[PDB]
Structures are given as structure tokens and as C-alpha cells.
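Reviewing the structure listed below.
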Amino acid sequence: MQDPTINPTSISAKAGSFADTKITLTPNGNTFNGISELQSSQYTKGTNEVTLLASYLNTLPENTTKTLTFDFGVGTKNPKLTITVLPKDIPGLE
């Protein structure tokens, strides 16, 4: 039951097209521990902010639905960043 404001809750891209991306974790009234879904090593947190490394994201298997579950002490509804990793060539019909 906190009021943490961080990156969205879902994204989609090919597994690999996920270049190092630094997210913003607004702690204006909340705290962040880490994203277990991806044993922090997957990313590089920075108190109030956290960036993910294309290494982890790119590592993710086929069309996997990765969820950056930022543990803000309120996992109940904590800001989950459901990132879609699709290394397989299929989507992208611009």
C-alpha cells in the first residue's frame, strides 16, 4: 500500500533489442530493494533508479514475458515491468 512511481508496467521487444536501459524509481515516499524476477545481477540498480543490461534481457529465451518486479516493499501491487523478450524473427510489421 505504497505510492512508488517508477517506469511503466509492460513493454515489448526482441530479446536483444533491449540495450542498457536506465529506469526511474520515484521513492518520493517509497523504497526499493530489488527485482527478484531478475536477480539484480541482471540489472544495475541505483537507489531511486535502476537500469537493466541488454545482457540479461538479451539472454532471455524466446518470446518470454519478463517482469521487472521492482520490490518496493509492496509486492502486492508493486510496479511490475512486464517486458516481452522475442529474439525470434516474426513481429515488427511496421
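We name chains A, B, ... following the order of the C-alpha cells; residues begin at 1 in each chain, and ligands are numbered from 1 as shown.
Every protein or nucleic acid residue with an atom no more than 10 Å from residue 32 in chain A, counting only C-alpha atoms and leaving out same-chain residues fewer than 2 positions away, appears here: residues 4, 25, 26, 27, 30, 34, 35, 45, 46, 47, 48, 49, 50, 70, 71, 72, 73, 74 and 78 of chain A.
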So which residues touch range 6-9 of chain A within 8 Å, counting only C-alpha atoms, skipping near sequence neighbours fewer than 5 positions away, as an MDAnalysis selection string? chainID A and resid 23:26 79:82
Write out the residues from the selection above, keeping N, CA, C and O atoms, as a PDB file, in the first residue's frame.
```
ATOM      1  N   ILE A  23      16.016   2.856 -15.829  1.00  0.00           N
ATOM      2  CA  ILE A  23      14.665   3.166 -15.391  1.00  0.00           C
ATOM      3  C   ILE A  23      14.686   4.123 -14.201  1.00  0.00           C
ATOM      4  O   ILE A  23      15.691   4.224 -13.494  1.00  0.00           O
ATOM      5  N   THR A  24      13.575   4.822 -13.984  1.00  0.00           N
ATOM      6  CA  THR A  24      13.477   5.770 -12.882  1.00  0.00           C
ATOM      7  C   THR A  24      12.531   5.261 -11.801  1.00  0.00           C
ATOM      8  O   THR A  24      11.359   4.990 -12.066  1.00  0.00           O
ATOM      9  N   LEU A  25      13.050   5.123 -10.586  1.00  0.00           N
ATOM     10  CA  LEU A  25      12.262   4.639  -9.466  1.00  0.00           C
ATOM     11  C   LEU A  25      11.948   5.767  -8.481  1.00  0.00           C
ATOM     12  O   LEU A  25      12.731   6.039  -7.574  1.00  0.00           O
ATOM     13  N   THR A  26      10.801   6.421  -8.661  1.00  0.00           N
ATOM     14  CA  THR A  26      10.406   7.517  -7.779  1.00  0.00           C
ATOM     15  C   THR A  26      10.056   7.001  -6.385  1.00  0.00           C
ATOM     16  O   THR A  26       9.029   6.338  -6.193  1.00  0.00           O
ATOM     17  N   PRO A  79       5.276  -1.939  -8.787  1.00  0.00           N
ATOM     18  CA  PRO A  79       5.444  -1.663 -10.215  1.00  0.00           C
ATOM     19  C   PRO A  79       6.158  -2.795 -10.948  1.00  0.00           C
ATOM     20  O   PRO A  79       7.389  -2.889 -10.932  1.00  0.00           O
ATOM     21  N   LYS A  80       5.373  -3.647 -11.598  1.00  0.00           N
ATOM     22  CA  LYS A  80       5.920  -4.765 -12.357  1.00  0.00           C
ATOM     23  C   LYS A  80       6.090  -4.363 -13.815  1.00  0.00           C
ATOM     24  O   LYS A  80       5.129  -3.973 -14.476  1.00  0.00           O
ATOM     25  N   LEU A  81       7.319  -4.444 -14.308  1.00  0.00           N
ATOM     26  CA  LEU A  81       7.607  -4.070 -15.683  1.00  0.00           C
ATOM     27  C   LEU A  81       7.664  -5.304 -16.583  1.00  0.00           C
ATOM     28  O   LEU A  81       8.730  -5.867 -16.826  1.00  0.00           O
ATOM     29  N   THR A  82       6.496  -5.722 -17.064  1.00  0.00           N
ATOM     30  CA  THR A  82       6.385  -6.895 -17.924  1.00  0.00           C
ATOM     31  C   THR A  82       6.992  -6.657 -19.304  1.00  0.00           C
ATOM     32  O   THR A  82       6.306  -6.233 -20.234  1.00  0.00           O
TER      33      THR A  82
END
```
Separating CA of residue 90 in chain A from CA of residue 56 in chain A, to the nearest tenth of an Å, is a gap of 21.1 Å
Run DSSP on the backbone and tell me which residues of chain A come out as strand (DSSP E); list them as a PyMOL selection string. chain A and resi 5-6+10-13+21-26+43-46+49-52+64-69+80-85
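Among the candidate residues A:84, A:10, A:44, A:31, the one lying nearest to residue 65 in chain A is A:84, with distances computed using only C-alpha atoms.
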Would you list the contacts of range 19-22 of chain A as a PyMOL selection string, taking every protein, DNA or RNA residue within 6 Å and counting only C-alpha atoms, but skipping same-chain residues closer than 4 positions in sequence? chain A and resi 50-54
How about saving the chosen residues, N, CA, C and O atoms kept, as a short mmCIF file (atom, residue, chain, number, x, y, z; two decimals), in the first residue's frame?
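And here's selection_10.cif as it stands now:
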```cif
data_model
loop_
_atom_site.label_atom_id
_atom_site.label_comp_id
_atom_site.auth_asym_id
_atom_site.auth_seq_id
_atom_site.Cartn_x
_atom_site.Cartn_y
_atom_site.Cartn_z
N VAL A 50 17.10 2.49 -11.50
CA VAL A 50 17.71 1.21 -11.83
C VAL A 50 17.70 0.95 -13.32
O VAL A 50 16.68 1.13 -13.99
N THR A 51 18.84 0.54 -13.84
CA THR A 51 18.99 0.27 -15.26
C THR A 51 19.21 -1.21 -15.54
O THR A 51 19.90 -1.90 -14.78
N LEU A 52 18.63 -1.71 -16.63
CA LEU A 52 18.80 -3.10 -16.99
C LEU A 52 19.83 -3.24 -18.10
O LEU A 52 19.96 -2.37 -18.96
N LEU A 53 20.60 -4.33 -18.06
CA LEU A 53 21.64 -4.55 -19.06
C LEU A 53 21.19 -5.52 -20.15
O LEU A 53 20.80 -6.65 -19.89
N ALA A 54 21.29 -5.05 -21.39
CA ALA A 54 20.92 -5.84 -22.56
C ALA A 54 21.48 -7.26 -22.49
O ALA A 54 21.09 -8.11 -23.28
#
```
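Remark: for residue 1 in chain A, the closest of the candidate residues A:89, A:69, A:58, A:29 is A:29 (distances computed over only C-alpha atoms).
Remark: for residue 43 in chain A, the closest of the candidate residues A:15, A:93, A:83, A:68 is A:68 (distances computed over only C-alpha atoms).
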Measuring atom to atom with only C-alpha atoms, identify which of A:41, A:12, A:36, A:76 is nearest to residue 63 in chain A. A:12
Running DSSP on the backbone, which parts of chain A land in helix (DSSP H, G or I), as a PyMOL selection string? chain A and resi 36-38+40-42+54-59
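Here CA of residue 91 in chain A stands at a distance of 15.6 Å from CA of residue 61 in chain A.
Atom pair CA of residue 3 in chain A / CA of residue 37 in chain A: separated by 21.1 Å.
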